[PDB]
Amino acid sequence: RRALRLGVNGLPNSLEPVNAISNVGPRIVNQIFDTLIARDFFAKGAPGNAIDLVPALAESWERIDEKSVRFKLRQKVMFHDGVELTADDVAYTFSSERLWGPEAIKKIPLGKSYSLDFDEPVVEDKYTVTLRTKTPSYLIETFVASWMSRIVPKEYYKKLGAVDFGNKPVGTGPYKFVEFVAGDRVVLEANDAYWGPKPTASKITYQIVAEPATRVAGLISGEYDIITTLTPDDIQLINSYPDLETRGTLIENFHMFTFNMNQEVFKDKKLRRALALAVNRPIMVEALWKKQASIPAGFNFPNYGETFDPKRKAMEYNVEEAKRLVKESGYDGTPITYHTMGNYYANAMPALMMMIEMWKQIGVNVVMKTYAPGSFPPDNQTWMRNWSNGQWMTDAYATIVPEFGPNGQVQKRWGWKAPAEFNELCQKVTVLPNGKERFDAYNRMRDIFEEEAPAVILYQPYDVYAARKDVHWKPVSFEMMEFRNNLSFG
């Protein structure tokens, strides 16, 4: 077997699966760990976008009532160190101690904010575990299939603690941990004791190449088998090589810009709305995305299933209203900083360049401020910044409620004073089953989100990868890389 060489845009701060939730972490943690339920993106000849949920660590499951799901676990599944996976490891993964409890905030900072209203799991036997919520939740199944639910070994994790575990991870996944050199690489090796489809690569290296041009030239040399986070502008050149090709897809993620609402200038919605209303998304999608990216009609995505609104109108573009809103606001022409980690996000810097020009035209002077990976400045030194949200549920709950909800980081850390109505509907949607009331509540939340502008949705990026033709791997409609039955050589 060949050793897989990946030229990536970035690396996560940790390999602890919840702390690895980013654009850069899932592509690694998906190799080290498994979930109870997994998604088959390639079901029924789909091009890496199938919504099909299949058994993984749980061979079967059954919803008992409105707040509990019993899982029958796959037997004799071994962790990388030889310890057998039991219901105890599953219970610990979803425990108050490790995940959603008050003390857990020091280990997994976003654990509670991203979790459901969990109640302590129930271990029925060695291979039977019931996951439960304190209040009704029809989201247990989707949460279990998500990036929040990768199963950790209880004894090893507790022995090391969350911080040391994130630097020496042990999972059940197809690839085991070899090395993690921060700001350089993550090396993994084949787990030949894997319960599922056998690893096809002997080794996997995720090498940071922050500059996309250095990344492209890296594949042409070729120092890499696959390179990530490209732009549709890189397409024609890579494809001009007979042994190289681009591989891309629209992913279940949106790019955005957001605000530090603790800053005087961003406390009121006026300037935030003015900046939102001047964003010309169709020109950005032509100039930088060559029609490949997509513009959602608000905080509304097809993956939401029953909570997606297909009748919803597009987000407003109104330069004249934006101009008036700048005039009415307290803003005085003082340069506003916009923080970006270079091109961590595809087209981050070219996108900002276009917006600075759009904003200059409405009377807002915006300045780019670059920061190195891991060198993000203190919160009060930042005003505007770019971000992305992976839509991780087959439901509208994620990410409006975990990110923008009353217990979320946009309101708590970033100072968004959300209207009472918004927070009230967030509570109803978490608890209500699907229906007219729930559908309408999500639509009213979407209306408040656009009126308030705590963040401004830009587009669903078209995720562009490039690879050696002799490396057979197909992208998935999510911000991760899948190698299970989706990696071979020659």
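Note that residue numbering follows the sequence shown and begins at 1.
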Once average C-alpha B-factors are taken from the entry for 429-437 and 24-32, the winner is 429-437
Averaged over C-alpha atoms, is the B-factor higher for 374-382 or for 108-116 in this PDB entry?
-> 374-382
When the CA B-factors of 200, 300, 229, 253 are compared as recorded in the entry, which is the largest?
-> 200
Third assignment of residue 443 from its chain's C-alpha B-factors | lowest
Which third, lowest, middle or highest, does the CA B-factor of residue 455 fall in along this chain?
-> lowest
Give the position of residue 38 by CA B-factor within its chain, expressed as the lowest, middle or highest third.
-> middle
Entry-reported C-alpha B-factor of residue 218 relative to its chain, by third, is highest
Record-listed C-alpha B factor of residue 18: chain third = lowest
